[PDB]
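Enquirer: Could you have a look at this structure, given as structure tokens, before my questions?
Note that we place each Cβ from the backbone using ideal geometry, even for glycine, and neighbour counts take in every protein chain shown. What follows is calculated from the coordinates using simple rules that are stated; it is not laboratory data.
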Amino acid sequence: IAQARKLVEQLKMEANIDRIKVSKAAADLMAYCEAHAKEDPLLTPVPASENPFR
Amino acid sequence: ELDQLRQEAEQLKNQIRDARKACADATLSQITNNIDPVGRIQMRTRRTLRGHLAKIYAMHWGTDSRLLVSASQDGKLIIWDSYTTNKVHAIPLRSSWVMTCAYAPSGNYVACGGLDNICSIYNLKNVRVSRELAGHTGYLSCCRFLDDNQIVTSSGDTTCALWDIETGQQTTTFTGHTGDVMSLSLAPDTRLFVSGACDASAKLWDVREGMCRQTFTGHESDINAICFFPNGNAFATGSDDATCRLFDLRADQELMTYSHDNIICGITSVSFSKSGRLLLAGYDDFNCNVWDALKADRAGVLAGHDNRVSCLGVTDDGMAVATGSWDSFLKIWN
Amino acid sequence: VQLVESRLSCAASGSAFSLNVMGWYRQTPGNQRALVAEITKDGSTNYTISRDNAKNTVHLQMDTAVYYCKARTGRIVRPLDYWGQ
Amino acid sequence: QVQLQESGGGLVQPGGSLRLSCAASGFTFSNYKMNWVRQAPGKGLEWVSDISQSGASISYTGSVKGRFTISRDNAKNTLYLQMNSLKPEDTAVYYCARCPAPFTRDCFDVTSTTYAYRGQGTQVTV
Amino acid sequence: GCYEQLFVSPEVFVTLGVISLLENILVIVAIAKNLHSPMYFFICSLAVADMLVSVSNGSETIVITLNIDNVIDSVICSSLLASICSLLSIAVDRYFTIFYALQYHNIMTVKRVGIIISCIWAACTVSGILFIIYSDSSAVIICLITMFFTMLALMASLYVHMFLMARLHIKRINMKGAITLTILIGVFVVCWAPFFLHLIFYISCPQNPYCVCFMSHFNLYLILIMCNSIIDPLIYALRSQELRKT
Amino acid sequence: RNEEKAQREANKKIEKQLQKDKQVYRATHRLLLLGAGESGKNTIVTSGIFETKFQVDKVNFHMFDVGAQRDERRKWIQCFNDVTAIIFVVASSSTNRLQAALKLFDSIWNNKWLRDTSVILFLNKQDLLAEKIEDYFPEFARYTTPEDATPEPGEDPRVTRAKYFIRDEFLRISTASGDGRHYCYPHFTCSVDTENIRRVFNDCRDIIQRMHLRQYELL
């Protein structure tokens, strides 16, 4: 059948995508996470006067 | 013909695998050796919403971290105020079976859907039915809003449709999965969205062009839920293999796999935090686990639900974590 | 609520509010099985028995000189009867 | 992704023997159950045999018990389906499938809607 | 008569009552926190009755440590009647749930539950008041004893019928049900029969030197009643996982 | 302030409405109809899932028929977790539909979320082809009638043994496992028989009686 013909087309389409090394992506994610270490009200404790839920 | 055409697919897959494995000099868990640990994270239950007769199946936060909408299995869609634990609205439903819900970003519309394979859009500013969209021949699994004139829905017939509300027609359809799509999560740019199917696969789709670009296959069972990293360059997937995973877009590989020896239960929903350091995963052992997003070591355990956790949500401001189990009790953690 | 004793008299000494029936049950072969003399708050007498007001006192003007003293509380929720020597 | 390659089968006469090797890659082979599925030309798929997680609760259908035998070896992670005393009515296509989830006895591996956990299979003609 | 009496110090008749009262308050709060079902609601009545017994003896064991005492007698008689009637009510609710398994949610709503509880408690209070106000002996005591015995017979019959139905269901598909029935009936009999037997002897055989030995330890027969007030909250309330930690 | 009072009034009204609807929800019993083979014997006195409501002896009954859905069912079957009864209709004529139906019943019998739900089994399509099973199954030449009360409506040849052998296979799959809190209810029903609304009634009553007996720790 022609169903298998379409699958090869998408494989060719997705086999020509530029990719970067894993180290750079991991470094970017690590930098973003560290740049928001003390910026979220979950990991850093919230004082009782700031959390609306009390 | 068929035999020789499979050879081309095999060769292309071999080339793709060789390319993926070539650029893997650093695999993390070796770079991440100078970061300090998260520590101990314990959250106490603040509120316990109790207004549902049957098991809750989904929930979605508003745009102001206050208004919430919860969908039950008894044909009830309850709009709640979290701070004062009051029910501002309670809409009955024609189809008692509901498996998804969404609160519109503009705050005027609501979306509901279930086994009746039809998306019901409700107005809020008496309450009526703004529109009914009769599309796929399957069953809806997750519906997300874009604006007050568009919506993106995922069904059980391996289809993801973009709808224009005013005309009520499928403006674009997305196919390419060999199994029912379980859930989708839009990127924070309204340009792309990832979708996970029941064949151990996830794919990235473009809303405008309408063409699939990338696929990721690293799991061994169904991908129940999928959420997007706040940056927009990664997403997390939860499967039935008692594991969760993180996938990169630019790298187009698998980054980290979170698993434990004792855990032998499935994962239902995964929601990220605003900072990006915590991944909250709901399990089938009636408890939720907070995982480190960069050290792959257990950070915390939340217990208190009698039955399995069905849905999870985290607000935009990152102040509250909402869990909904099958015991019809929403719980807020802070 | 032991009843002290000494033409016979008996004064009810104990943490009692108002004893209902107080009388004599003298007989040879154990107990009496028949009230020889008894009185009550209402004044009805079954067989000269002296009892002024309630006063938890019994006087009889009137075998040997050995008898028994009786006391019973009519409060149905705590049925209990005492005895004497 | 999960890959299941079937190697074995061919042209045989009645009374012959054919082993069907089901090489499994892409997961852990020591937890999921394994099954064989047959498909006659112009007909729906059918279930044949079953082996448990440990490898002690063997099961067959009536038409194959006493003639067919299956075994699981974890070291080389392959299935066998030893076939003996063939009959001319067994001509079909064979698929080797697994159940969707581990550490569970529930299995739904017969659907014909392009189930993603079974390979291309091999043709057995008798 | 067989000696005089065997009276224990009031040091025992205080702690048990307070413990029972606090347990009943705790379980009432636990039920009312959520549990809007008739069955649990019925236990609520029982709970109150239990703690009332404590007060019903509290003042009784306080004024003896010194119509100023008829009110407390009415209180304790009403408490006893309310407790027995609540036991009958919970048994009847269980029987109706077991046998009429489909119309139970269509014929018994919250309004009827409230009406029945109000009628039962009002009847118990007025009956106790009437019993203690204008009766001395042999006039209404017979009614009370007959009422208790008939209620015991009715409760036992209902439970045995439920057990027989359970055995019949088992036969179509043994010891635990027999054990539960035995513990329930035995605890009820052991806790309540001696007091009413002493009441019957108080009227039938006053002197009767055989009966005299029986009345020598009345306070003892009373302590078993206290045990009931600390057994009912543990047997009924402390056997449903929903109520255990809510 | 004044804005809070309106919220309280709205909450009170909605709470009253939910209280009114609670009795209606708890006073109806839902059923999941399912099976392959003559599932068109629906007696009433495109879309996704069809609904049918009927009253027998003044008790409401809901029935759900799964319509336009894909062949695979491992995902949406989990919705029917609190349903009182799952009606499973299995054809009894004879590729090899009986084996597939038996395997599907086995799969739904040893599932984690459906371990408590009870199954009511219908064996419709009374046999006439097997009058003048066979060699598809091996354990048929050494099986005798299990001393069960043959209906005897006028005649009862070896067709009785065939029916009871099918039921015996179903039970051997059923009773050989299962943690508890559920049972299988066999039945013998024709195409219509104008009485199938009563068997479901009695089976639901038995299910509720068993659940309440187990709750009171009596059984």
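Enquirer: Compute the length gained on full extension between F:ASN96 and F:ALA130: take 0.36 nm times their separation in residues and subtract their Cα-Cα distance, giving the result in nm to one decimal.
Expert: 10.8 nm
Enquirer: Which FRET efficiency, nearest 0.05, do E:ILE64 and E:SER216 yield, Cβ-Cβ r, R0 30 Å?
Expert: Numbers: r = 19 Å, r/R0 = 0.62.
Approximately 0.95, to the nearest 0.05.
Enquirer: On to the next question. Using a 4.7 Å Cβ cut-off, which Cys residues in chain E lack a partner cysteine?
Expert: E:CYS44, E:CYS77, E:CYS85, E:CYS119, E:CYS124, E:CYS143, E:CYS191, E:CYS227
Enquirer: Now, a different point. Just for the Cα atoms in segment F:2-215, what are the lengths along the principal axes, largest first, rounded to whole Å?
Expert: 84, 43, 35
Enquirer: Sticking with this one: Averaged across the residues of B:47-53, what count of C-beta atoms belonging to other chains lies within 10 Å of each residue's C-beta?
Expert: 2
Enquirer: Turning to a different aspect of this structure: According to a simple spin-label model (label point 7 Å from Cα along Cα-to-Cβ), what is the distance in nm between B:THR175 and D:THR91?
Expert: 3.4 nm
Enquirer: Work out how much length B:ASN123 to B:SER106 would gain on full extension: take 0.36 nm times their residue separation and subtract the Cα-Cα distance, in nm to one decimal.
Expert: Gain on stretching B:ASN123 to B:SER106: 5.0 nm.
Enquirer: While we're looking at this one, here's another question. For peptide F:73-80, compute the average count of partner chain beta-carbon atoms within 10 Å of each residue's beta-carbon.
Expert: Details: counts 2, 11, 12, 9, 2, 2, 9, 2.
For this peptide, the per-residue mean of nearby foreign Cβ atoms is 6.
Enquirer: Next up: List the pairs from E:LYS245/F:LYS5; D:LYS65/D:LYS87; B:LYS55/F:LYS112; F:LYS103/F:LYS163; A:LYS24/B:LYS295 whose alpha-carbon separation is above 23 Å, in the order I gave them.
Expert: Correct reply: E:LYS245/F:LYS5.
Enquirer: Quick one: if you stick a label point 7 Å off each Cα along the C-beta vector at E:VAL110 and F:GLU152, how many nm between them?
Expert: 5.6 nm
Enquirer: Once the Cβ-Cβ distance between D:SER30 and E:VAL189 is put in as r, and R0 is 56 Å, what FRET efficiency do you end up with, to the nearest 0.05? Please list the in-between numbers first.
Expert: Details: r = 60 Å, r/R0 = 1.07.
Plugging the Cβ-Cβ distance into 1/(1 + (r/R0)^6) gives 0.40.
Enquirer: Hey, which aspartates and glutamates would be in cross-link range of E:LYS176, C-alpha to C-alpha under 14 Å, not counting anything within fewer than 8 residues on its own chain?
Expert: Answer for E:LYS176, where 14 Å is the Cα cut-off: F:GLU217, listed by chain and number.
Enquirer: Applying a 10 Å radius around every beta-carbon, put B:237-246, A:9-18 in order of their mean neighbour count, most first. Could the numbers behind the result be given before it?
Expert: Numbers: B:237-246: 23.9, A:9-18: 12.3.
For the peptides B:237-246, A:9-18, the packing ranking is B:237-246, A:9-18.
Enquirer: Based on the mean of other Cβ atoms within 10 Å per residue, sort peptides F:114-124, B:46-56 so the most packed one is first.
Expert: F:114-124, B:46-56
Enquirer: With the cut-off at 1.5 for a/c, could you classify segment B:1-151 from its C-alpha gyration tensor as rounded, prolate or oblate?
Expert: Judged from the Cα gyration tensor, segment B:1-151 comes out oblate (a/c at least 1.5, b/c at or above a/b).
Enquirer: For a quick check of your reading of the filter: which trypsin sites (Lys or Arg not before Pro) in segment D:41-126 sit in a DSSP loop and have no more than 12 other Cβ atoms within 10 Å?
Expert: Details: sites: D:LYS43, D:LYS65, D:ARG67, D:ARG72, D:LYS76, D:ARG98, D:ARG105, D:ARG118; in loops: D:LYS43, D:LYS65, D:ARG67, D:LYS76, D:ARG105.
For trypsin sites (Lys or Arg not before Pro) across segment D:41-126 that sit outside H, G, I, E and B with at most 12 neighbouring Cβ atoms in 10 Å, the list reads D:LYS43, D:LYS76.
Enquirer: Give me the distance in nm between label points sitting 7 Å out from Cα along the Cα-to-Cβ direction at B:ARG250 and E:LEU154, one decimal.
Expert: Output for this residue pair reads 8.2 nm.
Enquirer: Within segment D:13-45, list the residues whose amide N lies under 11 Å from a label point set 7 Å along Cα→Cβ of B:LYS13.
Expert: Within reach of a label on B:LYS13, which here means backbone N under 11 Å from a point 7 Å along Cα→Cβ, segment D:13-45 contributes D:25-26.
Enquirer: Rounded to the nearest 0.05, what FRET efficiency do C:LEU8 and E:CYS2 have when you use their Cβ-Cβ distance and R0 = 22 Å?
Expert: With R0 = 22 Å, the Cβ-Cβ based efficiency is 0.40.
Enquirer: Take C:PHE17, project a point 7 Å from its Cα along the Cβ direction, then tell me which residues of segment C:31-63 have their backbone nitrogen under 16 Å from it.
Expert: Only C:41, C:54-56 fall inside the zone, counting backbone N under 16 Å.
Enquirer: When you count, for each residue, the other Cβ atoms within 10 Å and take the mean per peptide, how do F:158-166, F:57-65 rank with the highest first? Mind dumping the intermediate values first?
Expert: Working: F:158-166: 17.2, F:57-65: 15.0.
For the peptides F:158-166, F:57-65, the packing ranking is F:158-166, F:57-65.
Enquirer: Here's a follow-up. Subtract the Cα-Cα distance of B:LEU2 and B:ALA24 from 0.36 nm times their separation in residues, and report this length gain in nm to one decimal.
Expert: Length gained between B:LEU2 and B:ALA24: 4.5 nm.
Enquirer: Label point 7 Å out from B:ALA134 along Cα-to-Cβ: which residues of segment F:37-62 have amide N under 17 Å?
Expert: Backbone N within reach: F:46-51.
Enquirer: About the Cα centre of chain B, what is the dipole size in debye to 20, counting +1 per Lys and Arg Cβ and -1 per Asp and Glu Cβ, all else neutral?
Expert: Values: 31 positive and 38 negative charges, 263 e Å.
Its charge dipole is roughly 1260 debye.
Enquirer: Right, another one. Shape verdict for segment E:87-155, please, from the Cα gyration tensor: rounded (a/c under 1.5), prolate (a/b greater than b/c) or oblate.
Expert: oblate
Enquirer: Could I ask something else about it? Give me the inter-chain shielding for A:9-17: mean count of other chain Cβ atoms within 10 Å, whole number please.
Expert: Across the residues of A:9-17, the mean count of other-chain Cβ atoms within 10 Å is 5.
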